[PDB]
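Reading through the structure tokens given below for one structure.
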Amino acid sequence: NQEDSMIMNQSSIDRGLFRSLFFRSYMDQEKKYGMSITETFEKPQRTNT
Amino acid sequence: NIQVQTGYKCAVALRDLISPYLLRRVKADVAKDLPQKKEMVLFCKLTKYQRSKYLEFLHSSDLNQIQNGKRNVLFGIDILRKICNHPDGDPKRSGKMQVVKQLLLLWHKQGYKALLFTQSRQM
């Protein structure tokens, strides 16, 4: 508990003390820079891509 | 405030100097056996598909901010024609392809020989 270290109660931690949720988002879109050139979301394959 | 006739008059001043130096044989006394040189212009209208897309290019490309005389700007000049020449794309999506179709099938039964006239290998 020296040099800013701490000693904690593991069983209290086990009980859920200070747990938190984490969220993250993603986003995208199709046809970008090209006239009538539409990129697309579609399940790929090494022989298909 | 300036008239065409003035510009023309200047052209006249130069043009009409070349009288004794201009030689010209004409077919008025040669073309003794040929048909009438007939011509006309077809009036094909754009489909919903075509009309929407050539306008969409103009609306979404923003050529004037790209600046003018640039590749996609200039391509636009051809692209707006390609909406009926290509588009990439069954002929049912092109009024021109449908006009050609109808004229050739007519002439198919007429038994007429016919030329197609196009200035491009891609085309």
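Cβ sites come from the backbone with ideal geometry, for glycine too, and all protein chains shown count toward neighbours. Rule-based calculations on the coordinates, nothing more; no lab input.
Could you tell me whether region B:105-122 includes any residue that is closer than 20 Å to residue A:37 by Cβ, loosely packed, with under 15 Cβ neighbours inside 10 Å and either out of contact with any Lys or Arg (no Cβ under 6 Å at 6 or more places or on another chain) or within 11 Å of another protein chain (Cβ to nearest Cβ) (or both)?
Within region B:105-122 (the criterion being closer than 20 Å to residue A:37 by Cβ, loosely packed, with under 15 Cβ neighbours inside 10 Å and either out of contact with any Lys or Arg (no Cβ under 6 Å at 6 or more places or on another chain) or within 11 Å of another protein chain (Cβ to nearest Cβ) (or both)), the answer is yes, since at least one residue qualifies.
For region B:72-88, check the following and say yes or no: at least one residue is over 19 Å from residue A:38 (Cα atoms) and not in a helix (DSSP H, G or I).
No: region B:72-88 contains no residue that is over 19 Å from residue A:38 (Cα atoms) and not in a helix (DSSP H, G or I).
Collect the residues in region B:1-30 that are part of a loop (DSSP other than H, G, I, E, B) and of a type in the set (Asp, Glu), keeping them in residue-number order.
B:16
Are any of the residues in region A:37-44 within 14 Å of chain B (Cβ to nearest Cβ) and not basic (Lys, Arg)?
yes
With respect to the numbered conditions (1) in contact with a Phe, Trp or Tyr (Cβ under 8 Å, 6 or more places away or on another chain); (2) of a type outside the set (S, T, N, Q); (3) outside any loop (DSSP other than H, G, I, E, B), which one is the sole condition not fulfilled by residue B:92?
Evaluating residue B:92 over (1) in contact with a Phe, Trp or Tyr (Cβ under 8 Å, 6 or more places away or on another chain); (2) of a type outside the set (S, T, N, Q); (3) outside any loop (DSSP other than H, G, I, E, B) leaves (1) as the failure.
Report yes if residue B:46 is part of a loop (DSSP other than H, G, I, E, B) and surrounded by 10 or more Cβ atoms within 10 Å (Cβ to Cβ), otherwise no.
In short, yes.
Got at least one residue in region B:31-40 being assigned to a helix (DSSP H, G or I) and either more than 30 Å from residue B:121 (Cβ to Cβ) or not charged (D, E, K, R) (or both)?
No, region B:31-40 contains no residue that is assigned to a helix (DSSP H, G or I) and either more than 30 Å from residue B:121 (Cβ to Cβ) or not charged (D, E, K, R) (or both).
In region B:63-101, how many residues are of a type outside the set (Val, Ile, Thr), away from chain A (no Cβ under 14 Å) and surrounded by 13 or more Cβ atoms within 10 Å (Cβ to Cβ)?
5
Restricting to region A:9-29, what's the tally of residues that are in a loop (DSSP other than H, G, I, E, B) and surrounded by 10 or more Cβ atoms within 10 Å (Cβ to Cβ)?
Adding up the residues that qualify gives 1.
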